[PDB]
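Engineer: Before we start, here is the structure in question, set down as structure tokens.
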8 protein chains.
Amino acid sequence: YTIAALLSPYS
Amino acid sequence: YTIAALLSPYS
Amino acid sequence: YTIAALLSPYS
Amino acid sequence: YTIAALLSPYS
Amino acid sequence: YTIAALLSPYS
Amino acid sequence: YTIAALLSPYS
Amino acid sequence: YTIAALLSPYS
Amino acid sequence: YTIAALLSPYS
């Protein structure tokens with residue numbers, strides 16, 4: 001399988 | 001702010 | 001007799 | 001994905 | 001902050 | 001199969 | 001001839 | 001996964 005996820009939360 | 005992200009999942 | 005079978009399961 | 005299989009049964 | 005996530009993949 | 005999960009996030 | 005077989009796969 | 005197979009060839 002293949003998975004790609006990106007998360008760049010800012011405050 | 002600045003954000004740069006790249007994702008190239010392959011299968 | 002003769003037999004030929006191929007199986008390439010992927011996940 | 002990639003798959004290559006050959007079968008030539010003879011009788 | 002508060003976060004709640006559940007993942008139960010099966011095969 | 002069987003699965004049981006509980007999540008009660010508070011803020 | 002006589003044959004007896006049982007299979008109960010579970011998931 | 002689950003698999004169940006039976007084969008009783010006779011001659």
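Residue numbering restarts at 1 in every chain; chains get A, B, ... in the order shown in the structure tokens, and ligands count up from 1 in that same order.
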Taking a cut-off of 8 Å and counting only C-alpha atoms, can you build a table that, for each residue of chain G near chain H, reports the nearest atom pair and how far apart they are in Å (one decimal), sorted by chain then residue number, as a Markdown table?
Structural biologist:
```
| residue | atom | partner | partner_atom | distance |
| --- | --- | --- | --- | --- |
| G:3 | CA | H:8 | CA | 7.7 |
| G:5 | CA | H:6 | CA | 7.3 |
| G:7 | CA | H:4 | CA | 6.1 |
| G:8 | CA | H:4 | CA | 7.4 |
| G:9 | CA | H:4 | CA | 6.0 |
| G:10 | CA | H:2 | CA | 6.5 |
| G:11 | CA | H:2 | CA | 6.4 |
```
